[PDB]
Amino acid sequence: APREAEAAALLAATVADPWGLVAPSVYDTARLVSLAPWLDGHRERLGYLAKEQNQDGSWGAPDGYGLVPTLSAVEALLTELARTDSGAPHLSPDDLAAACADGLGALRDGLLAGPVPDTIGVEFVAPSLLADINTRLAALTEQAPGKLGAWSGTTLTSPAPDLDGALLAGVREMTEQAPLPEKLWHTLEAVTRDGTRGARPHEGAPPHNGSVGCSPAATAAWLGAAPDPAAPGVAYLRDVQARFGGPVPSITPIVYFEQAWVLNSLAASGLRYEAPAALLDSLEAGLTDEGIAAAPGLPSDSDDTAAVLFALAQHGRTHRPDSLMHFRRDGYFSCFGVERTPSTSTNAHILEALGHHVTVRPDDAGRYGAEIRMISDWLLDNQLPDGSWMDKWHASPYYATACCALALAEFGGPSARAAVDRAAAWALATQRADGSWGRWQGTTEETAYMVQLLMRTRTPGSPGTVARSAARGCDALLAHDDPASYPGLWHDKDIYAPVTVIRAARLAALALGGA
């Protein structure tokens, strides 16, 4: 019961947060510096950019995850250096120029030619920023501060197909005559620095009226260079930056995503608690015949829809999951209506919503029974030779593997048990020496996923290694927990950290581990 109290405190904190919690990252913080110098916290955002720069000149994570945020930071710094000051600077033109030049070096020396991860909207965001950087470079003179003058007239290029710019040009031309698709409102700033393009600010429920695609950057682009100070979008930008003292996340709010993920983690934990009615009411109000999004102001998607249906049904509010049928395709389910790459985690979550439904409403077993077993087919067929899965929405194989193995363990039937064991084997094989797991380092989030996987799929027949591994995982979680520094691993513009989501995952792990 110490963790019962923790569960109740987590639920209460979630109720009291109608935004959800996403930590700031470099991408949108830089976008606001470039697009919204009028906004409070501008100097703080410049400070954040200076502080967050890596010693190799880049910003962000390894393996090419530095490309988008470095582009954003460099463009913002060039834009700032070319303008008059918003207020008395704490960082001199020389300080900013040093950061900028080192960012240019990192772009030229490896990032532009390196891997390009499939972050969201990268085919728009990356060429957009590269073109603005080149424009700024052409305008530099040799009297630019520091070594930045030496960069005057440089043209940066990239061999990467995603940086080509042809698709961006097409969408820019199209949006002179037709509205930007709803799913791209989140990336409006790539299309235009100042314009609307048929994107519509959220109107209706607080707390984010005026936001465009739940993106601070897109909202800045929509409002333009000199917005009306009474505009709702201005209040959204003010609120978001104030929450963190200047820096901003790339997606906010995430309320429905957070509510469902928190509730599903707690349901999995085995802890006793009462779900506050306010969470279940929020989710029900948001759910429609077309499903639900991560938050109001975004288009519906099947991952969020499936998670929300599962969360509601596990807490006594069962709804027929018919909204998921819109996303049925040949052999699997899509996440959005139109997509190039399927999501493994989405199909896992759909398997849970459907499987759980037919369990709790046995009369509907014929309605979804087939879909359940074909998603089973597909998840099994998409497991990698080493026992892991990967997913389009997340940088970590620990997320994807936990999602798929846990869905298959509970709803895949005995044909799927071999795959689950291969996933647990992969978990044992990938554990770090200190008991943690993670892609680039041991993390709370990734460790939590593996502890859950191992505990929830344990059988009487499981070797002793399973319990000891999960125990060492729990030891790692107990040894260090710093939510303020949880790394961002979820794909958006760069990669973001849904902090409360991670805290809920940690709680579930520790409860299941008996820590």
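Note that residue numbering begins at 1 and tracks the sequence as displayed.
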Practice item. State which stretch shows the higher mean Cα B factor in the entry: 441-449 or 134-142. Key: 134-142
Check your understanding: Hey, which bit's got the bigger mean C-alpha B factor in the entry, 416-424 or 348-356?
Key -> 416-424
**Study point:** Highest-ranked of 34, 54, 70, 457 once sorted by CA temperature factor in the record
**Key:** 457
Review point. At the C-alpha atoms, which of 277, 251, 395, 237 reaches the highest B-factor in this entry?
Key: 277
Check your understanding: By its CA B factor, does residue 310 count among the lowest, middle or highest third of the modelled residues in the chain?
Key -> middle
Review point. Taking the entry's C-alpha B-factors for this chain, is residue 226 in the lowest, middle or highest third?
Key: highest
Review point. Against its chain's modelled residues, does residue 304's Cα B factor rank lowest, middle or highest third?
Key: lowest
Review point. Going by what the PDB entry lists, where does residue 205 fall on CA B-factor within its chain: lowest, middle or highest third?
Key: highest
Check your understanding: Relative to the other modelled residues in the chain, which third contains the C-alpha temperature factor of residue 186: lowest, middle or highest?
Key -> lowest
